[PDB]
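final-v7.cif (mmCIF, C-alpha atoms (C1' of nucleotides)) appears below.
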```cif
data_input
loop_
_atom_site.label_atom_id
_atom_site.label_comp_id
_atom_site.auth_asym_id
_atom_site.auth_seq_id
_atom_site.Cartn_x
_atom_site.Cartn_y
_atom_site.Cartn_z
CA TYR V 293 0.00 0.00 0.00
CA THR V 294 2.84 2.46 -0.55
CA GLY V 295 2.57 5.47 -2.83
CA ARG V 296 -1.00 6.47 -1.94
CA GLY V 297 -0.58 9.69 -0.03
CA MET V 298 0.77 7.90 3.06
CA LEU V 299 4.51 7.67 3.73
CA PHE V 300 5.92 4.14 3.70
CA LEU V 301 7.29 4.34 7.24
CA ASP V 302 3.98 5.75 8.42
CA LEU V 303 2.20 2.66 7.05
CA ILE V 304 4.48 0.39 9.12
CA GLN V 305 3.64 2.22 12.35
CA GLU V 306 -0.12 2.10 11.79
CA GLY V 307 0.07 -1.60 10.89
CA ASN V 308 2.15 -2.07 14.04
CA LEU V 309 -0.91 -1.00 16.04
CA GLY V 310 -2.85 -3.80 14.34
CA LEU V 311 -0.24 -6.35 15.45
CA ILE V 312 -0.52 -5.47 19.14
CA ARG V 313 -4.30 -5.79 18.79
CA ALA V 314 -4.01 -9.30 17.31
CA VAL V 315 -1.87 -10.80 20.10
CA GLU V 316 -4.48 -9.83 22.72
CA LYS V 317 -7.11 -11.80 20.72
CA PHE V 318 -5.11 -14.90 19.78
CA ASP V 319 -4.96 -18.28 21.48
CA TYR V 320 -3.75 -21.85 21.04
CA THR V 321 -7.27 -23.35 21.34
CA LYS V 322 -7.71 -22.74 17.62
CA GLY V 323 -5.64 -25.20 15.63
CA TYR V 324 -3.97 -22.60 13.42
CA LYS V 325 -0.75 -20.61 13.14
CA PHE V 326 -0.44 -17.05 14.43
CA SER V 327 0.54 -15.79 10.96
CA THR V 328 -2.88 -16.49 9.42
CA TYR V 329 -4.66 -14.73 12.31
CA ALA V 330 -2.35 -11.70 12.38
CA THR V 331 -2.56 -10.72 8.69
CA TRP V 332 -6.29 -9.96 8.98
CA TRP V 333 -5.67 -7.45 11.76
CA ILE V 334 -2.63 -5.94 9.99
CA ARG V 335 -4.63 -5.32 6.81
CA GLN V 336 -7.55 -3.91 8.82
CA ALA V 337 -5.43 -1.33 10.69
CA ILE V 338 -3.53 -0.24 7.58
CA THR V 339 -6.60 0.18 5.37
CA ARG V 340 -8.67 1.95 8.03
CA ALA V 341 -5.82 4.39 8.74
CA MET V 342 -5.33 4.95 5.02
CA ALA V 343 -9.00 5.88 4.81
CA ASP V 344 -8.71 8.14 7.85
CA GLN V 345 -5.39 9.90 7.18
CA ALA V 346 -4.47 10.06 3.50
CA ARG V 347 -6.61 12.87 2.14
CA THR V 348 -6.32 16.54 3.10
CA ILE V 349 -10.11 16.86 3.21
CA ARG V 350 -11.10 13.91 5.38
CA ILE V 351 -13.57 11.49 3.84
CA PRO V 352 -15.59 9.19 6.14
CA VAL V 353 -14.67 5.50 6.10
CA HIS V 354 -17.86 4.38 4.37
CA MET V 355 -17.61 6.95 1.58
CA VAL V 356 -14.01 5.78 1.04
CA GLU V 357 -15.01 2.14 0.60
CA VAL V 358 -17.71 3.26 -1.87
CA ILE V 359 -15.32 5.16 -4.16
CA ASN V 360 -12.58 2.51 -4.36
CA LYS V 361 -15.25 -0.13 -5.04
CA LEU V 362 -16.70 1.86 -7.95
CA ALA V 363 -13.22 2.72 -9.20
CA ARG V 364 -12.26 -0.96 -9.48
CA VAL V 365 -15.47 -1.92 -11.31
CA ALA U 98 3.99 14.06 23.96
CA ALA U 99 7.76 13.68 23.62
CA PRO U 100 10.10 16.69 23.33
CA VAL U 101 11.99 17.40 20.12
CA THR U 102 14.95 19.58 19.23
CA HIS U 103 15.00 22.63 16.96
CA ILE U 104 16.48 21.92 13.52
CA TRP U 105 17.97 25.44 13.46
CA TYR U 106 19.99 25.42 16.69
CA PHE U 107 21.66 22.10 16.04
CA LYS U 108 22.41 20.74 12.50
CA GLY U 109 23.97 23.90 11.12
CA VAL U 110 27.14 25.95 11.17
CA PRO U 111 29.12 25.66 14.45
CA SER U 112 28.81 29.32 15.27
CA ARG U 113 25.13 28.70 16.16
CA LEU U 114 25.17 25.19 17.65
CA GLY U 115 28.39 26.32 19.29
CA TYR U 116 29.44 23.05 20.98
CA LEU U 117 27.53 24.31 24.04
CA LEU U 118 27.65 20.70 25.19
CA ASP U 119 31.04 19.30 24.26
CA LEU U 120 29.65 16.92 21.62
CA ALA U 121 30.54 16.51 17.96
CA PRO U 122 27.80 16.88 15.32
CA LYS U 123 28.27 13.20 14.48
CA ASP U 124 27.75 12.47 18.19
CA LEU U 125 24.55 14.57 18.24
CA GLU U 126 23.15 12.84 15.12
CA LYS U 127 23.54 9.51 16.90
CA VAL U 128 21.89 10.45 20.18
CA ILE U 129 18.87 12.56 19.19
CA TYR U 130 17.90 10.24 16.31
CA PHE U 131 17.91 7.08 18.49
CA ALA U 132 21.04 5.28 17.39
CA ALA U 133 23.32 5.55 20.44
CA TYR U 134 22.88 6.16 24.13
CA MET U 135 24.07 8.98 26.33
CA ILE U 136 24.85 8.86 30.04
CA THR U 137 22.84 11.90 31.14
CA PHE U 138 23.96 11.53 34.80
CA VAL U 139 26.23 9.47 37.08
CA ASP U 140 26.08 8.95 40.85
CA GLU U 141 29.88 9.29 41.08
CA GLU U 142 29.62 9.79 44.86
CA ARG U 143 27.60 6.59 45.40
CA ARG U 144 30.09 4.58 43.30
CA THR U 145 32.92 5.68 45.60
CA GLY E 23 -56.78 17.15 -9.65
CA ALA E 24 -54.91 19.87 -11.54
CA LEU E 25 -53.45 22.26 -8.97
CA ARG E 26 -53.86 25.95 -9.76
CA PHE E 27 -52.45 28.76 -7.64
CA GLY E 28 -53.48 32.37 -7.17
CA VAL E 29 -51.06 35.04 -5.94
CA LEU E 30 -52.47 38.08 -7.77
CA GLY E 31 -54.96 38.48 -4.91
CA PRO E 32 -55.27 36.60 -1.65
CA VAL E 33 -53.02 33.53 -1.81
CA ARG E 34 -55.41 30.81 -2.99
CA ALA E 35 -55.12 27.29 -4.34
CA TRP E 36 -57.69 25.18 -6.19
CA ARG E 37 -58.01 21.50 -7.02
CA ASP E 38 -60.60 20.54 -9.71
CA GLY E 39 -62.38 23.81 -8.93
CA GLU E 40 -62.61 23.03 -5.21
CA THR E 41 -60.95 25.64 -2.99
CA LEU E 42 -58.06 24.34 -0.87
CA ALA E 43 -57.54 25.52 2.74
CA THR E 44 -54.15 27.26 2.44
CA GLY E 45 -54.12 27.88 6.21
CA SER E 46 -52.71 30.58 8.45
CA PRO E 47 -51.12 33.88 7.27
CA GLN E 48 -47.61 32.50 7.87
CA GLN E 49 -48.37 29.53 5.60
CA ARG E 50 -49.52 31.88 2.85
CA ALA E 51 -46.25 33.75 3.35
CA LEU E 52 -44.30 30.49 2.99
CA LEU E 53 -46.34 29.40 -0.04
CA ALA E 54 -45.92 32.78 -1.77
CA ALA E 55 -42.20 32.70 -1.01
CA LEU E 56 -41.99 29.25 -2.61
CA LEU E 57 -44.32 29.87 -5.56
CA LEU E 58 -42.48 32.98 -6.77
CA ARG E 59 -39.18 31.11 -7.25
CA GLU E 60 -40.77 29.04 -10.08
CA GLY E 61 -39.37 25.70 -8.99
CA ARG E 62 -36.01 26.96 -7.77
CA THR E 63 -35.23 25.64 -4.30
CA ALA E 64 -35.34 28.09 -1.38
CA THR E 65 -32.94 27.32 1.46
CA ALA E 66 -34.14 27.37 5.08
CA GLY E 67 -32.18 30.58 5.60
CA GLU E 68 -34.00 32.37 2.78
CA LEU E 69 -37.37 31.14 4.07
CA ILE E 70 -36.73 32.34 7.62
CA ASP E 71 -35.64 35.72 6.24
CA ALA E 72 -38.73 35.81 3.99
CA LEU E 73 -41.18 35.41 6.86
CA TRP E 74 -39.61 37.51 9.62
CA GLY E 75 -36.68 39.47 8.23
CA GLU E 76 -34.09 40.67 10.74
CA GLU E 77 -36.06 39.61 13.88
CA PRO E 78 -36.74 35.85 13.79
CA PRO E 79 -37.86 34.02 16.94
CA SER E 80 -35.21 31.79 18.53
CA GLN E 81 -37.05 28.61 17.40
CA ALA E 82 -38.24 29.95 14.01
CA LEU E 83 -36.72 27.01 12.10
CA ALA E 84 -39.01 24.56 13.89
CA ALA E 85 -41.99 26.79 13.04
CA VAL E 86 -40.99 26.81 9.34
CA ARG E 87 -40.85 23.01 9.45
CA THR E 88 -44.37 22.94 10.94
CA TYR E 89 -45.77 25.14 8.14
CA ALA E 90 -44.01 23.03 5.51
CA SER E 91 -45.50 19.82 6.95
CA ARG E 92 -49.02 21.28 6.92
CA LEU E 93 -48.73 22.31 3.27
CA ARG E 94 -47.98 18.66 2.47
CA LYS E 95 -51.35 17.74 4.00
CA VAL E 96 -53.35 19.99 1.66
CA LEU E 97 -51.21 19.83 -1.47
CA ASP E 98 -50.71 16.69 -3.50
CA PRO E 99 -47.79 14.38 -2.57
CA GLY E 100 -44.61 15.24 -4.44
CA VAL E 101 -45.37 18.84 -5.39
CA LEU E 102 -43.62 20.18 -2.26
CA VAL E 103 -40.21 18.58 -2.39
CA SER E 104 -37.63 18.68 0.38
CA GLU E 105 -34.26 19.48 -1.16
CA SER E 106 -30.91 20.80 0.16
CA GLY E 107 -32.42 21.37 3.59
CA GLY E 108 -35.02 23.67 2.04
CA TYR E 109 -38.25 23.35 0.08
CA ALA E 110 -39.37 23.83 -3.50
CA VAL E 111 -42.64 23.54 -5.38
CA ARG E 112 -42.29 21.20 -8.35
CA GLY E 113 -44.38 19.38 -10.93
CA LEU E 114 -46.88 22.10 -11.77
CA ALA E 115 -48.21 22.28 -15.32
CA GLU E 116 -47.44 25.29 -17.49
CA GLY E 117 -49.68 28.26 -16.74
CA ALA E 118 -50.88 26.79 -13.43
CA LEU E 119 -49.79 30.03 -11.73
CA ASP E 120 -51.87 33.10 -12.61
CA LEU E 121 -48.71 35.25 -12.40
CA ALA E 122 -47.12 33.07 -15.08
CA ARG E 123 -50.44 33.12 -16.95
CA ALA E 124 -50.48 36.93 -16.71
CA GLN E 125 -46.83 37.08 -17.79
CA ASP E 126 -47.46 34.82 -20.81
CA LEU E 127 -50.34 37.01 -22.02
CA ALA E 128 -48.21 40.15 -21.63
CA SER E 129 -45.35 38.70 -23.70
CA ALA E 130 -47.77 37.68 -26.47
CA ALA E 131 -49.29 41.18 -26.39
CA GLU E 132 -45.88 42.72 -27.12
CA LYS E 133 -45.55 40.43 -30.15
CA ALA E 134 -49.10 41.37 -31.23
CA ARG E 135 -48.10 45.05 -30.98
CA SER E 136 -45.00 44.35 -33.08
CA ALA E 137 -47.22 42.43 -35.54
CA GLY E 138 -49.74 45.29 -35.71
CA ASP E 139 -52.68 43.33 -34.22
CA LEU E 140 -53.78 46.06 -31.82
CA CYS E 141 -57.31 44.63 -31.42
CA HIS E 142 -56.06 41.24 -30.21
CA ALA E 143 -53.35 42.98 -28.15
CA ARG E 144 -56.05 44.99 -26.35
CA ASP E 145 -58.04 41.79 -25.70
CA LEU E 146 -54.91 40.00 -24.45
CA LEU E 147 -54.26 42.87 -22.03
CA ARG E 148 -57.96 42.84 -21.08
CA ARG E 149 -57.76 39.10 -20.29
CA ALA E 150 -54.54 39.71 -18.32
CA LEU E 151 -55.92 42.52 -16.14
CA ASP E 152 -58.91 40.38 -15.11
CA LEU E 153 -56.55 38.03 -13.22
CA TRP E 154 -56.09 40.67 -10.49
CA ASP E 155 -58.45 39.61 -7.71
CA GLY E 156 -57.65 42.69 -5.64
CA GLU E 157 -54.41 43.41 -3.77
CA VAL E 158 -51.48 41.12 -4.60
CA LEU E 159 -50.54 39.03 -1.52
CA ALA E 160 -53.38 40.63 0.47
CA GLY E 161 -53.13 39.97 4.19
CA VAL E 162 -49.80 38.15 3.84
CA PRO E 163 -47.33 39.21 6.55
CA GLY E 164 -43.58 39.49 6.29
CA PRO E 165 -40.98 41.68 4.61
CA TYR E 166 -40.56 39.49 1.52
CA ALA E 167 -44.25 39.79 0.63
CA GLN E 168 -43.94 43.58 1.06
CA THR E 169 -41.35 43.84 -1.73
CA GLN E 170 -43.51 41.81 -4.09
CA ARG E 171 -46.59 43.98 -3.43
CA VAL E 172 -44.79 47.12 -4.59
CA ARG E 173 -42.92 45.43 -7.46
CA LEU E 174 -45.90 43.55 -8.90
CA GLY E 175 -48.37 46.33 -8.11
CA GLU E 176 -46.23 48.71 -10.16
CA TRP E 177 -46.11 46.12 -12.97
CA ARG E 178 -49.91 46.06 -13.04
CA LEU E 179 -49.90 49.86 -13.45
CA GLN E 180 -47.28 49.63 -16.21
CA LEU E 181 -49.49 47.17 -18.12
CA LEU E 182 -52.50 49.38 -17.40
CA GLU E 183 -50.83 52.48 -18.92
CA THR E 184 -49.95 50.56 -22.10
CA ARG E 185 -53.54 49.32 -22.64
CA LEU E 186 -54.96 52.85 -22.44
CA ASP E 187 -52.48 54.01 -25.09
CA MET E 188 -53.66 51.26 -27.46
CA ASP E 189 -57.30 52.09 -26.66
CA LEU E 190 -56.62 55.79 -27.35
CA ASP E 191 -54.78 54.93 -30.58
CA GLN E 192 -57.91 53.20 -31.92
CA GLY E 193 -60.11 56.23 -31.22
CA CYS E 194 -61.79 54.93 -28.05
CA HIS E 195 -61.39 58.27 -26.23
CA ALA E 196 -64.82 58.50 -24.58
CA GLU E 197 -64.65 55.15 -22.77
CA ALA E 198 -61.16 55.80 -21.36
CA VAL E 199 -61.98 59.07 -19.52
CA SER E 200 -64.46 57.33 -17.18
CA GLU E 201 -62.08 54.61 -15.98
CA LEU E 202 -59.14 57.05 -15.67
CA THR E 203 -60.95 59.34 -13.17
CA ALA E 204 -61.09 56.47 -10.66
CA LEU E 205 -57.45 55.56 -11.37
CA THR E 206 -56.17 59.11 -10.88
CA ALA E 207 -58.02 59.38 -7.56
CA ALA E 208 -56.23 56.25 -6.32
CA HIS E 209 -52.85 57.23 -7.81
CA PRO E 210 -52.73 61.03 -7.67
CA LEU E 211 -48.94 61.38 -8.02
CA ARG E 212 -48.60 59.23 -11.16
CA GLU E 213 -48.10 61.93 -13.80
CA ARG E 214 -48.33 59.49 -16.74
CA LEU E 215 -51.97 58.71 -15.91
CA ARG E 216 -52.78 62.43 -15.98
CA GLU E 217 -50.92 62.77 -19.29
CA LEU E 218 -53.16 60.09 -20.82
CA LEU E 219 -56.29 61.68 -19.30
CA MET E 220 -55.50 65.15 -20.72
CA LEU E 221 -54.88 63.68 -24.20
CA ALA E 222 -58.12 61.68 -23.90
CA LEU E 223 -60.01 64.81 -22.80
CA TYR E 224 -58.70 66.81 -25.78
CA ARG E 225 -59.75 64.07 -28.19
CA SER E 226 -63.05 64.06 -26.29
CA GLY E 227 -63.01 67.83 -26.86
CA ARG E 228 -62.82 68.70 -23.16
CA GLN E 229 -59.85 71.03 -23.56
CA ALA E 230 -61.06 73.34 -20.76
CA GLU E 231 -61.44 70.33 -18.46
CA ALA E 232 -58.07 69.04 -19.69
CA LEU E 233 -56.55 72.38 -18.69
CA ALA E 234 -58.31 72.05 -15.33
CA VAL E 235 -56.44 68.74 -14.82
CA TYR E 236 -53.13 70.58 -15.26
CA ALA E 237 -53.98 73.29 -12.69
CA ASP E 238 -54.81 70.99 -9.73
CA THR E 239 -51.89 68.66 -10.56
CA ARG E 240 -49.38 71.52 -10.84
CA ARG E 241 -50.60 72.84 -7.48
CA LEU E 242 -50.63 69.37 -5.84
CA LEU E 243 -47.06 68.50 -6.87
CA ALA E 244 -46.01 71.95 -5.65
CA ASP E 245 -47.78 71.34 -2.33
CA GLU E 246 -46.38 67.87 -1.59
CA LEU E 247 -43.04 67.88 -3.40
CA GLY E 248 -42.39 71.41 -4.62
CA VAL E 249 -41.66 70.07 -8.10
CA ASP E 250 -42.99 71.01 -11.54
CA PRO E 251 -44.41 68.32 -13.82
CA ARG E 252 -42.05 66.50 -16.20
CA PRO E 253 -41.25 68.09 -19.62
CA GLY E 254 -43.47 65.49 -21.33
CA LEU E 255 -46.48 66.90 -19.49
CA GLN E 256 -45.38 70.48 -20.25
CA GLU E 257 -45.02 69.86 -24.00
CA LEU E 258 -48.42 68.12 -24.15
CA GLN E 259 -49.96 71.12 -22.35
CA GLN E 260 -48.37 73.45 -24.92
CA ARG E 261 -49.62 71.36 -27.88
CA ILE E 262 -53.17 71.87 -26.59
CA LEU E 263 -52.33 75.57 -26.26
CA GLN E 264 -50.97 75.63 -29.84
CA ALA E 265 -54.08 73.70 -31.05
CA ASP E 266 -51.81 71.17 -32.83
CA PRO E 267 -53.94 69.15 -35.30
CA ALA E 268 -51.45 66.22 -35.25
CA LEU E 269 -52.77 65.07 -31.86
CA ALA E 270 -56.28 64.29 -33.20
CA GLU E 271 -55.28 62.00 -36.11
CA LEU E 272 -55.06 58.39 -34.98
"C1'" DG M 1 -89.79 58.67 21.76
"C1'" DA M 2 -89.09 56.74 16.58
"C1'" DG M 3 -85.66 54.70 13.94
"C1'" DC M 4 -81.30 54.45 13.38
"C1'" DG M 5 -76.30 56.43 14.37
"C1'" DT M 6 -71.34 55.94 16.27
"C1'" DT M 7 -68.60 53.95 19.03
"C1'" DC M 8 -66.49 51.89 23.02
"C1'" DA M 9 -66.86 46.93 25.96
"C1'" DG M 10 -65.64 43.03 27.21
"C1'" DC M 11 -66.38 38.44 25.55
"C1'" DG M 12 -66.28 34.61 23.10
"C1'" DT M 13 -64.54 31.56 19.36
"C1'" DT M 14 -61.81 29.49 17.41
"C1'" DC M 15 -57.82 30.66 14.59
"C1'" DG M 16 -53.44 32.83 15.53
"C1'" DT M 17 -48.54 32.28 17.19
"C1'" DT M 18 -44.06 29.88 18.75
"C1'" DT M 19 -43.08 26.36 21.58
"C1'" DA M 20 -43.04 21.87 23.09
"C1'" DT M 21 -43.05 16.60 21.75
"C1'" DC M 22 -41.80 12.56 18.83
"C1'" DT M 23 -39.49 9.17 14.46
"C1'" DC M 24 -34.79 8.25 11.25
"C1'" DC M 25 -29.44 7.72 7.85
"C1'" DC M 26 -24.89 9.30 7.80
"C1'" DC M 27 -21.03 8.48 10.65
"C1'" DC M 28 -17.84 5.79 13.70
"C1'" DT M 29 -16.28 1.41 15.52
"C1'" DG M 30 -15.13 -3.63 15.60
"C1'" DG M 31 -14.22 -7.86 13.42
"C1'" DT M 32 -12.89 -11.58 10.03
"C1'" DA M 33 -8.56 -17.71 11.92
"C1'" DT M 34 -4.85 -22.50 5.90
"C1'" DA M 35 -0.25 -19.80 5.48
"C1'" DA M 36 1.80 -15.52 4.41
"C1'" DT M 37 7.75 -12.93 8.22
"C1'" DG M 38 13.50 -6.99 6.58
"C1'" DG M 39 11.43 -1.46 0.36
"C1'" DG M 40 12.33 -0.41 -4.07
"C1'" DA M 41 14.77 3.34 -6.53
"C1'" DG M 42 16.68 7.16 -8.34
"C1'" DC M 43 20.11 9.18 -9.10
"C1'" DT M 44 24.95 11.61 -11.72
"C1'" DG M 45 27.51 15.80 -14.13
"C1'" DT M 46 27.35 24.61 -12.67
"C1'" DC M 47 31.03 27.51 -10.38
"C1'" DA M 48 33.81 29.64 -6.89
"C1'" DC M 49 34.55 30.50 -2.10
"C1'" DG M 50 35.29 29.48 2.47
"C1'" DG M 51 35.49 27.25 6.82
"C1'" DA M 52 34.43 23.35 9.28
"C1'" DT M 53 35.99 18.57 9.85
"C1'" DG M 54 38.37 14.67 9.16
"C1'" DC M 55 42.84 12.06 9.17
"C1'" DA M 56 47.67 10.88 7.67
#
```

Take the structure I supplied and represent it as structure tokens, if you would.
Amino acid sequence: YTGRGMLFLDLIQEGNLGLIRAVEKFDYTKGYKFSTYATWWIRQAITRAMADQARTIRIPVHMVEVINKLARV
Amino acid sequence: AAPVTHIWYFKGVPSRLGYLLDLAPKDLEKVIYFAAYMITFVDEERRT
Amino acid sequence: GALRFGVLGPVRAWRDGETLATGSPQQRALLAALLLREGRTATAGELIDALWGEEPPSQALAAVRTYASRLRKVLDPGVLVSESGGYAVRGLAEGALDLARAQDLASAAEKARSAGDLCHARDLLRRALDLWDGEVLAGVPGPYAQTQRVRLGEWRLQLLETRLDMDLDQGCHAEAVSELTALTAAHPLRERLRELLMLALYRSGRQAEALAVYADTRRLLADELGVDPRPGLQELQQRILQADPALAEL
DNA sequence: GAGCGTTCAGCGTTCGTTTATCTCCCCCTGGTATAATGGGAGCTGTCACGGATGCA
């Protein structure tokens, strides 16, 4: 997700918040590796922050998901 | 939340930074940008 | 079910000939303020200003909303749209508003004048003037309605002056004097109406009475304003004094 | 007095008002369970002058 109005190092720090979230909600009772669980939370934190901090005029999160959806189609 | 240091007063000619603390500019680059430690204080009396 | 609206008198609405209950004076103010934009949306700010001007009550916006809701109960669904936080009247047929109907007749009359059909032009103006059911926006409070009373009342007089000229051009001098005496009593400072009356009197041969019209008017304008009549009135007076034959030929 | 003539009157009588209720979408937040584990990347050549700053 580099090169979209957010600095590359800034993306790492916001994703880093997602990682600390994931460890508090992870356990061995599920028969799966930590890597599969973590990547969901990493992607969530990065994409939400990108929605909330890239544009000069802030756009609400649900308008942002509308425009990128229509752009791709 | 955390204090920062003015770009003007350090990182310039040495007539303005001045070596007010006897530290080289290479030394300063290492400490304020989190690459090397400084001993801000010693209990030299305790140690004795 | 065809909605028609009247603003050239008391603010009225009809549906299939049945009279609709347009409500309180403030609702007539709101309706008039919305009707005169001809489908352009009026913001809530403009509607508050239209009803109360510089001194709105602290909860005026809730009152405006109440009046807007009540209009929806008497008018058909979908005519009163809610748009951009304001309201507009939409979906009316052409000529549903008497003001538009009066405006359409007046524009055709100008073409008829340019085409030389003075008889039809007189009839078109006659049909137009009959739409005035008294005072425009009668009994409607608020500063916005006040501006329209003066503006549209003057426009009625402007159309009235033109019709008399066409009537006088066709030789109908004797009918015009009778209506003009009532009009000059109501509008004593409107010098153009006295100009038409004096010309009508001369063509009706009442030169001495025409000169009597000048003497009270000249005194009256001196009494209230200290001003002489306009040069157009002075030259017309002189042409009677010179017995100019070119005034009597149509 | 007859018969009607002006004009307060306070009183109703609901209509006037603004002011109080009450139902609804943008907006913000949280959550997904195979495994996934250290960047691309854009440069580069003016010119002189001087003083700091490194190092034989």

Please report the interatomic distance between atom CA of residue E:150 and atom CA of residue E:124 in Å with one decimal.
5.2 Å

Distance atom CA of residue E:172-atom CA of residue E:156, one decimal place?
13.6 Å

Would you compute the distance between atom CA of residue E:259 and atom CA of residue E:181? Give it in Å to one decimal.
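Computing the Euclidean distance for atom CA of residue E:259 and atom CA of residue E:181 yields 24.3 Å.
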
Against chain V, which residues of chain M fall within 7 Å? For each one I want the closest pair of atoms and the distance in Å (one decimal), counting all atoms listed in the file, rows by chain and increasing residue number, as CSV.
```
residue,atom,partner,partner_atom,distance
M:32,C1',V:332,CA,6.9
M:33,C1',V:329,CA,4.9
M:35,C1',V:328,CA,5.8
M:36,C1',V:327,CA,6.7
```

Extract, using all atoms listed in the file, all DNA, RNA and protein residues at most 12 Å from stretch 105-122 of chain U, discarding same-chain residues fewer than 6 positions from it, and format them as a list in words.
residues 128, 129, 130, 135 and 137 of chain U; 51, 52, 53 and 54 of chain M

Which residues of chain E are close to chain M, meaning at most 10 Å apart when you count all atoms listed in the file, and how do they look as a list in words?
residues 45, 46, 47, 48, 79, 80, 81, 82, 84 and 85 of chain E

On this structure, which residues satisfy the PyMOL selection byres ((chain E and resi 147) around 12), written as a JSON list (two decimals) with C-alpha atoms, in the frame of the given file?
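Saved as selection-v3.json:
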```
[["chain", "number", "residue", "atom", "x", "y", "z"],
["E", 123, "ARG", "CA", -50.44, 33.12, -16.95],
["E", 124, "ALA", "CA", -50.48, 36.93, -16.71],
["E", 125, "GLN", "CA", -46.83, 37.08, -17.79],
["E", 126, "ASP", "CA", -47.46, 34.82, -20.81],
["E", 127, "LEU", "CA", -50.34, 37.01, -22.02],
["E", 128, "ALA", "CA", -48.21, 40.15, -21.63],
["E", 129, "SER", "CA", -45.35, 38.70, -23.70],
["E", 130, "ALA", "CA", -47.77, 37.68, -26.47],
["E", 131, "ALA", "CA", -49.29, 41.18, -26.39],
["E", 132, "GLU", "CA", -45.88, 42.72, -27.12],
["E", 134, "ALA", "CA", -49.10, 41.37, -31.23],
["E", 135, "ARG", "CA", -48.10, 45.05, -30.98],
["E", 140, "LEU", "CA", -53.78, 46.06, -31.82],
["E", 141, "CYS", "CA", -57.31, 44.63, -31.42],
["E", 142, "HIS", "CA", -56.06, 41.24, -30.21],
["E", 143, "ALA", "CA", -53.35, 42.98, -28.15],
["E", 144, "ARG", "CA", -56.05, 44.99, -26.35],
["E", 145, "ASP", "CA", -58.04, 41.79, -25.70],
["E", 146, "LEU", "CA", -54.91, 40.00, -24.45],
["E", 148, "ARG", "CA", -57.96, 42.84, -21.08],
["E", 149, "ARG", "CA", -57.76, 39.10, -20.29],
["E", 150, "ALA", "CA", -54.54, 39.71, -18.32],
["E", 151, "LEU", "CA", -55.92, 42.52, -16.14],
["E", 152, "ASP", "CA", -58.91, 40.38, -15.11],
["E", 153, "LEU", "CA", -56.55, 38.03, -13.22],
["E", 154, "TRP", "CA", -56.09, 40.67, -10.49],
["E", 178, "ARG", "CA", -49.91, 46.06, -13.04],
["E", 179, "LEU", "CA", -49.90, 49.86, -13.45],
["E", 180, "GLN", "CA", -47.28, 49.63, -16.21],
["E", 181, "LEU", "CA", -49.49, 47.17, -18.12],
["E", 182, "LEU", "CA", -52.50, 49.38, -17.40],
["E", 183, "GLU", "CA", -50.83, 52.48, -18.92],
["E", 184, "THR", "CA", -49.95, 50.56, -22.10],
["E", 185, "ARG", "CA", -53.54, 49.32, -22.64],
["E", 186, "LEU", "CA", -54.96, 52.85, -22.44],
["E", 187, "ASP", "CA", -52.48, 54.01, -25.09],
["E", 188, "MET", "CA", -53.66, 51.26, -27.46],
["E", 189, "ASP", "CA", -57.30, 52.09, -26.66]]
```

Need the shell around residue V:348: protein/DNA/RNA residues with any atom at most 12 Å away, counting only C-alpha atoms (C1' of nucleotides). Skip same-chain ones fewer than 6 positions apart. Format as number ranges by chain?
V: 297-298, 342

List the residues matched by the PyMOL selection byres ((chain V and resi 309) around 12) in the displayed structure as a ChimeraX atom specification, ordered by chain and then by residue number.
/V:302-308,310-316,330,333-338,340-341

Could you tell me which residues the PyMOL selection byres ((chain E and resi 72-76) around 12) grabs in this file, written as a tab-separated table (two decimals) with C-alpha atoms, in the frame of the given file?
```tsv
chain	number	residue	atom	x	y	z
E	47	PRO	CA	-51.12	33.88	7.27
E	48	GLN	CA	-47.61	32.50	7.87
E	49	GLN	CA	-48.37	29.53	5.60
E	50	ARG	CA	-49.52	31.88	2.85
E	51	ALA	CA	-46.25	33.75	3.35
E	52	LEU	CA	-44.30	30.49	2.99
E	53	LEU	CA	-46.34	29.40	-0.04
E	54	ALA	CA	-45.92	32.78	-1.77
E	55	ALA	CA	-42.20	32.70	-1.01
E	56	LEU	CA	-41.99	29.25	-2.61
E	58	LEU	CA	-42.48	32.98	-6.77
E	64	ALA	CA	-35.34	28.09	-1.38
E	65	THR	CA	-32.94	27.32	1.46
E	66	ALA	CA	-34.14	27.37	5.08
E	67	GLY	CA	-32.18	30.58	5.60
E	68	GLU	CA	-34.00	32.37	2.78
E	69	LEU	CA	-37.37	31.14	4.07
E	70	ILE	CA	-36.73	32.34	7.62
E	71	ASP	CA	-35.64	35.72	6.24
E	77	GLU	CA	-36.06	39.61	13.88
E	78	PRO	CA	-36.74	35.85	13.79
E	79	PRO	CA	-37.86	34.02	16.94
E	80	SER	CA	-35.21	31.79	18.53
E	82	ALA	CA	-38.24	29.95	14.01
E	83	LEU	CA	-36.72	27.01	12.10
E	85	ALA	CA	-41.99	26.79	13.04
E	86	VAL	CA	-40.99	26.81	9.34
E	89	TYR	CA	-45.77	25.14	8.14
E	162	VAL	CA	-49.80	38.15	3.84
E	163	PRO	CA	-47.33	39.21	6.55
E	164	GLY	CA	-43.58	39.49	6.29
E	165	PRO	CA	-40.98	41.68	4.61
E	166	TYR	CA	-40.56	39.49	1.52
E	167	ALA	CA	-44.25	39.79	0.63
E	168	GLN	CA	-43.94	43.58	1.06
E	169	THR	CA	-41.35	43.84	-1.73
E	170	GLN	CA	-43.51	41.81	-4.09
```

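Residues near the point (-51.7, 28.7, -14.7), at a distance of 12 Å or less over only C-alpha atoms (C1' of nucleotides), make up residues 24, 25, 26, 27, 28, 29, 30, 35, 36, 57, 60, 114, 115, 116, 117, 118, 119, 120, 121, 122, 123, 124, 125, 126, 127, 150 and 153 of chain E.
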